[PDB]
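First to last, the sequence lines map onto chains A and A'. A prime marks a further copy of an entry chain.
Note that the first sequence covers residues 0 to 209, 223 to 268 in the deposited numbering.
Note that the second sequence covers residues 0 to 209, 223 to 268 in the deposited numbering.
These notes are about the structure you will find just below.
Number of protein chains: 2
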Amino acid sequence: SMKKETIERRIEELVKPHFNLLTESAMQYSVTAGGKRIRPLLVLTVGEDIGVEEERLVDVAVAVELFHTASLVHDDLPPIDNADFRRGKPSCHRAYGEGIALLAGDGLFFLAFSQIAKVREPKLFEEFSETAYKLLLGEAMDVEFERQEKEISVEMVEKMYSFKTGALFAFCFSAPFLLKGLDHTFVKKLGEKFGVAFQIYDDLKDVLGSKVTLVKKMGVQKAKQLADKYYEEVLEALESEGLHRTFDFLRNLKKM
Amino acid sequence: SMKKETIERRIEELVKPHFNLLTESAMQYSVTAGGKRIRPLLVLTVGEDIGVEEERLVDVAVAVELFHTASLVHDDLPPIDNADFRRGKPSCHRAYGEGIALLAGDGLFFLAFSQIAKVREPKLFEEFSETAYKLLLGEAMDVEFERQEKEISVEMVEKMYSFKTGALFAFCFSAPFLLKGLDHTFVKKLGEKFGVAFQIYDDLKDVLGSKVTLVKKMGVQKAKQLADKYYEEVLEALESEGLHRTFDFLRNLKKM
């Protein structure tokens, strides 16, 4: 909870309005409406596990969360998911209108890139930008696959999960290893699998609360089995590598 | 026209679809619908004037144009400017729908950042990201100032021009100087003034074709006088510094 307070403190500093714009207030609103902050917490725990300096780590963590927030702002818009609420509060476009919300999403994206640029590591810039574009393609696949569950293969759906959710989690693992100068080939693969499992668990959560998903394609049993398999692979790798904090974090996360 | 062909060739390579998505086709569409390419041409002419290697220059030029294209895609959307047409062809959302167009705009932004990241110069990443956020704030000001010409000061309107249009032109001057390792403090100021003049000339063009603008605040005579003054200052600086190609380019541009 201390790491989370660090994240909340820094992210609110970055989205405090400076030019007296409604669009700035909308950016702040979407951040303050909150979230579990799983992605920036993962950046901090992985970084702490491998001895990365806190300051550059905080920059990366908040960048990832700003990017995630921005993606939700655009995804909620009426032409996409058309959500009136997020986390029990009006969605950004309900609070401010579609135009202001669209711009707030753009602003949050650009703030994210600005924070990554502060870290001053060329490979990180490149990796973040590649991740961003993958995430966008993933969202495009999700939108475009709608009403085609029969014509879309399970392989294409898993690819969409990998792009839409996996890529940003892979970056949460990759980025600290880049900051530390350690090879990130292994752990990036871990983040992608964790991300696919994460999205499936979200799917299953939605189903019990009573779009092409892996639950639709595979059925509930096979989808959960896949998610469990991936989750267990990730945990075992983390434990094996002595990534203690990350293991504990993700172990306690699976209960939730 | 040869430089422009180089720009068109490279930008079409980058937006050729790779994943068979409509959103990719929409990205390509908005690029192919065309433009005068003034910004990337300026990057190439300034860079050639100071002896910057062509390849890294091309990357920056296409990045700037991808960013500009993306900004137009979002600005045309129904909640913002609601344009049915751009350059005589349907706007992106008319061609593909608002959802796909929104995502295509995001994709174009991320492609722009990806291309800047390829250049591998930390200060450039940072400068581009700062420029992007300024441009967004500028667009937010433009949208928010609507229906308030009396309550908005001329100073606030000029600030909006500086952010919305000036910042990207300043980057067109700054970026080659960064690539060459030359101090860019002077020329960045030049690009900002050129950008304000550019937007005023656009305003005046629209008026003769028969939102708070400097033409509304200052009247036609004073607005044109300001634009002319800025344009002349920029030309004289370019000529004085031996930026021959850039001078000739912008001199012939003022006729148009």
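Just so you know, even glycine gets a beta-carbon here, dropped at the ideal spot from N, CA and C.
Cutoff 8 Å: residue i Cβ touching any chain A' Cβ
| i | result |
| --- | --- |
| residue 1(A) | no |
| residue 169(A) | no |
| residue 102(A) | yes |
| residue 148(A) | no |
| residue 143(A) | yes |
| residue 157(A) | no |
| residue 108(A) | yes |
| residue 9(A) | no |
| residue 105(A) | yes |
| residue 119(A) | yes |
| residue 124(A) | yes |
| residue 18(A) | yes |
Short Cβ contact (8 Å threshold) for residue i with residue j
| i | j | result |
| --- | --- | --- |
| residue 118(A') | residue 182(A') | no |
| residue 143(A') | residue 228(A') | no |
| residue 39(A) | residue 61(A) | yes |
| residue 35(A') | residue 27(A') | no |
| residue 116(A') | residue 120(A) | no |
| residue 134(A) | residue 162(A) | yes |
| residue 18(A') | residue 226(A) | no |
| residue 93(A) | residue 32(A) | no |
| residue 197(A') | residue 187(A') | no |
| residue 41(A) | residue 123(A) | no |
| residue 152(A) | residue 129(A') | no |
| residue 195(A') | residue 145(A') | no |
| residue 104(A) | residue 73(A) | yes |
| residue 111(A) | residue 69(A) | yes |
Inter-residue spacing [alpha-carbon to alpha-carbon] between residue i and residue j
| i | j | result |
| --- | --- | --- |
| residue 49(A) | residue 185(A) | 14 Å |
| residue 131(A') | residue 230(A) | 42 Å |
| residue 258(A) | residue 44(A) | 5 Å |
| residue 247(A') | residue 262(A') | 7 Å |
| residue 71(A) | residue 256(A) | 31 Å |
| residue 51(A') | residue 63(A') | 17 Å |
| residue 75(A') | residue 65(A') | 16 Å |
| residue 160(A') | residue 140(A') | 9 Å |
| residue 243(A') | residue 249(A') | 10 Å |
| residue 89(A') | residue 199(A') | 25 Å |
| residue 29(A) | residue 7(A) | 13 Å |
| residue 10(A') | residue 254(A') | 29 Å |
| residue 53(A) | residue 252(A) | 24 Å |
| residue 267(A) | residue 260(A) | 12 Å |
Residue i at chain A interface by Cβ criterion, 8 Å
| i | result |
| --- | --- |
| residue 292(A') | The question about residue 292(A') has no answer, for chain A' in this structure spans 0 to 268. |
| residue 96(A') | yes |
| residue 82(A') | no |
| residue 71(A') | no |
| residue 132(A') | yes |
| residue 217(A') | In the model as presented, chain A' runs from 209 straight to 223, which leaves residue 217(A') without coordinates. |
| residue 56(A') | no |
| residue 164(A') | no |
| residue 5(A') | no |
| residue 161(A') | no |
| residue 193(A') | no |
| residue 22(A') | yes |
| residue 265(A') | no |
| residue 112(A') | yes |
| residue 64(A') | no |
| residue 238(A') | no |
| residue 128(A') | yes |
| residue 178(A') | no |
| residue 136(A') | yes |
| residue 76(A') | yes |
Contact list for residue i against chain D, beta-carbon separation under 8 Å
| i | result |
| --- | --- |
| residue 183(A) | Here chain D cannot be found, since the structure's protein chains are A and A'. |
Range of the contiguous alpha helix (DSSP H) that encloses residue i
| i | result |
| --- | --- |
| residue 50(A) | Careful: residue 50(A) lies outside any alpha helix (DSSP H) and carries neither H nor E. |
| residue 175(A') | 166-179 |
| residue 263(A') | 256-267 |
| residue 92(A) | 91-95 |
| residue 222(A) | What the structure lacks is residue 222(A): chain A is numbered 209, then 223, with the residues between left out. |
| residue 138(A) | 121-144 |
| residue 198(A') | 184-207 |
| residue 22(A) | 21-31 |
| residue 233(A) | 226-252 |
| residue 79(A) | No alpha helix (DSSP H) contains residue 79(A), which DSSP labels as neither H nor E. |
| residue 11(A) | 1-14 |
Residue i: CB within 7 Å of a non-hydrogen atom of the ligand SAH
| i | result |
| --- | --- |
| residue 18(A) | Summarising the ligand content, the structure contains no ligands, and the ligand SAH is consequently not present. |
The stretch 165-174 of chain A' / the stretch 191-203 of chain A' touching (three or more Cβ pairs under 8 Å) | yes
The stretch 93-105 of chain A touching the stretch 22-37 of chain A, judged by at least three CB pairs closer than 8 Å = yes
Meets three-Cβ-pair contact criterion under 8 Å: the stretch 230-240 of chain A' and the stretch 192-207 of chain A' | Judged by Cβ distances under 8 Å, the stretch 230-240 of chain A' makes contact with the stretch 192-207 of chain A', as three or more pairs qualify.
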